[PDB]
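Asks: Chains as they are written, first to last, in the numbering used here: chain A, 361 to 480; chain B, 119 to 238.
Below: one structure in structure tokens.
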């Protein structure tokens, strides 16, 4: 799956909207529509980031993950918001095939080990 | 453990690569060439390597950062940031990226997905 389409999204007026330019611009296209179209186009895997939660070690947007899961057969990488161990677990339970970590890993590198050791 | 991605957001300075957190915002101290090593040690499955300086520009992936990071690690590397046209992907694979990620240019020309995907 060498082709990854990265989708930055967050709720705009209750709705999940797609952003581009480092999360600065609302494309006006709905998450829903974009996920479907990207698979049709030949995406091999989806990196799904919640813009809201990035850098807030407050957990992935699991509603976002749940809402995307039935829309695609592709592998999904959940990114944005990971703060601690149960977040990974919640993301995975929701349909995420892989979970990403940045901020918390640079701070607590033993988090990498904790989730790795547990999934294997 | 395949299930664990560590995302590294990086940009140059002084001639040297640093690591930022909190949405590319808070520069960190750490050198990339040392974070990439530690991330493998700690057990990550895969690295999302994003060039902060290229993201949103459709001006090409940072192939120096890639060609750079590649000898430091056996993990697969997803290059991200800057994808703009078909030769960009090719250049990134040639520098040793295992996967390539696109966002801004894909939303604008969803056929970019199809170009790289059908060649694989």
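Think of the CB as a built atom: it goes at the ideal place given N, C-alpha and C, for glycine as much as any other residue.
#1: Could you confirm whether any beta carbon from chain A is found closer than 8 Å to the beta carbon of residue 231 of chain B?
#2: Based on Cα-Cα distance, which residue from B/140, B/221 and B/169 lies nearest to residue 180 of chain B?
#3: Report the rounded CA-to-CA distance for residue 419 of chain A versus residue 177 of chain B, giving the unit in angstroms.
#4: Is the beta carbon of residue 402 of chain A less than 8 Å from the beta carbon of residue 236 of chain B?
#5: Excluding the five sequence neighbours on either side, which residues of its own chain have a C-beta within less than 8 Å of the C-beta of residue 450 of chain A, listed in chain order?
#6: Determine the closest residue to residue 399 of chain A out of A/371, A/441 and A/432, with distance taken between C-alpha atoms.
#7: Cα-Cα, which of A/475, A/470, A/473 and A/465 is closest to residue 127 of chain B?
#8: I'd like the list of long-range same chain contacts for residue 426 of chain A, defined as Cβ closer than 6 Å, with 5 residues on each side in sequence excluded.
#9: Is the distance from the Cβ of residue 394 of chain A to the Cβ of residue 378 of chain A below 8 Å?
#10: With the cut-off set at 8 Å, would you say residue 195 of chain B and residue 165 of chain B are in Cβ contact?
#11: Quick one: what's got a C-beta closer than 7 Å to residue 363 of chain A's C-beta in the same chain, skipping five residues either side?
#12: Output the boundary residues of the beta strand (DSSP E) element that contains residue 198 of chain B.
#13: Use the C-beta contact count for residue 189 of chain B: other C-beta atoms within 10 angstroms, 16 or more gives buried, fewer gives exposed.
#14: Would you say residue 186 of chain B reaches chain A, if we count a Cβ-Cβ gap shorter than 8 Å as a contact?
#15: Quick one: Cα of residue 134 of chain B to Cα of residue 171 of chain B, how far?
#16: In chain order, what residues of the same chain lie with their CB nearer than 6 Å to the CB of residue 199 of chain B, ignoring the 5 residues before and after it?
#17: Can you give me the C-alpha to C-alpha distance between residue 222 of chain B and residue 469 of chain A, rounded to a whole angstrom?
#18: Evaluate residue 365 of chain A with the Cβ neighbour count: other Cβ atoms within 10 Å of its Cβ, from every protein chain shown; 16 or more gives buried, anything less gives exposed.
#19: Where do the ends of the alpha helix (DSSP H) carrying residue 142 of chain B lie?
#20: How far does the alpha helix (DSSP H) with residue 224 of chain B in it extend, from its first residue to its last?
#21: Would you please verify whether the beta carbon of residue 143 of chain B is less than 8 Å from any beta carbon of chain A?
#22: Would you mind working out which of A/387, A/386, A/397 and A/474 sits nearest residue 448 of chain A, comparing C-alpha positions?
#23: Out of A/467, A/444 and A/461, state which residue places its alpha-carbon closest to the alpha-carbon of residue 438 of chain A.
#24: Compare the Cα-Cα distances from residue 139 of chain B to each of A/396, A/416 and A/385 and report the closest residue.
Replies: Checking against the coordinates, here is how it stands:
#1: The beta carbon of residue 231 of chain B sits closer than 8 Å to some beta carbon of chain A.
#2: Here the closest residue by C-alpha is B/169.
#3: Rounded to whole angstroms, residue 419 of chain A to residue 177 of chain B spans 32 Å at the Cα level.
#4: Going by C-beta atoms, residue 402 of chain A is nearer than 8 Å to residue 236 of chain B.
#5: Hits under 8 Å: 419, 420 and 422.
#6: Considering only alpha carbons, the answer is A/432.
#7: Selection A/475, A/470, A/473 and A/465 evaluated against residue 127 of chain B yields A/465 as nearest (Cα-Cα).
#8: Scanning its chain for C-beta atoms nearer than 6 Å, with the 5 sequence neighbours on each side dropped, one finds around residue 426 of chain A the residues 454, in chain order.
#9: Closer than 8 Å, so yes.
#10: The Cβ atoms of residue 195 of chain B and residue 165 of chain B sit closer than 8 Å to each other.
#11: Only residues of its own chain outside the window of five on either side were considered, and among them 402, 403 and 404 have a CB closer than 7 Å to the CB of residue 363 of chain A, listed in chain order.
#12: DSSP places residue 198 of chain B inside the beta strand (DSSP E), whose first and last residues are 195-198.
#13: The residue in question, residue 189 of chain B, is exposed, as its Cβ has fewer than 16 Cβ neighbours within 10 Å.
#14: Cβ-Cβ to chain A under 8 Å: no for residue 186 of chain B.
#15: Going from the Cα of residue 134 of chain B to the Cα of residue 171 of chain B covers about 13 Å.
#16: Around residue 199 of chain B: 168, 169, 172 and 173.
#17: Their Cα atoms are separated by approximately 30 Å.
#18: Classification for residue 365 of chain A: buried.
#19: Where residue 142 of chain B is concerned, the enclosing alpha helix (DSSP H) stretches over 140-143.
#20: Going by DSSP, residue 224 of chain B is part of the alpha helix (DSSP H) stretching over 222-226.
#21: Any Cβ of chain A closer than 8 Å to the Cβ of residue 143 of chain B would place that residue at the interface, and such an atom is present.
#22: When A/387, A/386, A/397 and A/474 are compared, the shortest CA-CA separation from residue 448 of chain A is found for A/474.
#23: When each option's Cα is compared against that of residue 438 of chain A, the closest is A/461.
#24: Looking from the CA of residue 139 of chain B, the closest CA among A/396, A/416 and A/385 belongs to A/416.
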